[PDB]
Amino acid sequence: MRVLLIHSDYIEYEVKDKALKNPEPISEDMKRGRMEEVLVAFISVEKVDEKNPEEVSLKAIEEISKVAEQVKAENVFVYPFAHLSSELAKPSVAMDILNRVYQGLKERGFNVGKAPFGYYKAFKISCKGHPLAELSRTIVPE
């Protein structure tokens, strides 16, 4: 798993065309999204993560949380992102691991949002200036 964390003033998206023959189904409400004062997590689920979804998710959960806590972020946004790696996990596996991360962050008490999986999305983001507002991590099954 390749993660990119951006502490942002906001994250906003708008669903466009599908990027997969059969993307995640979504209601009208889910077509647009917006969060403010949020740590945005751009995540690429990798092929090697297929070996241990749980371990990967748990560790990913822990890292996002630590950072979310370090920068004083109460809102976290999970953003399916396929461009932080070239060894991508198949869709169904990535979606599952992404959901587990989302659930685990919700479990920790964070106000958590997510963007629909499998669609091209126009999006707006504003990274804060500070030293910890732009971090990257690599979580993989040991």
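So that there is no doubt, residue numbering starts at 1 and follows the sequence shown.
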The stretch whose C-alpha atoms carry the larger average B-factor in the entry, 5 to 13 or 21 to 29, is 21 to 29
Higher mean Cα B-factor in the deposited model: 37 to 45 or 89 to 97?
89 to 97
Chain third (lowest, middle, highest) by recorded CA B-factor, residue given as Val76
lowest
So where's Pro116 on the chain's Cα temperature factor ranking, which third?
lowest
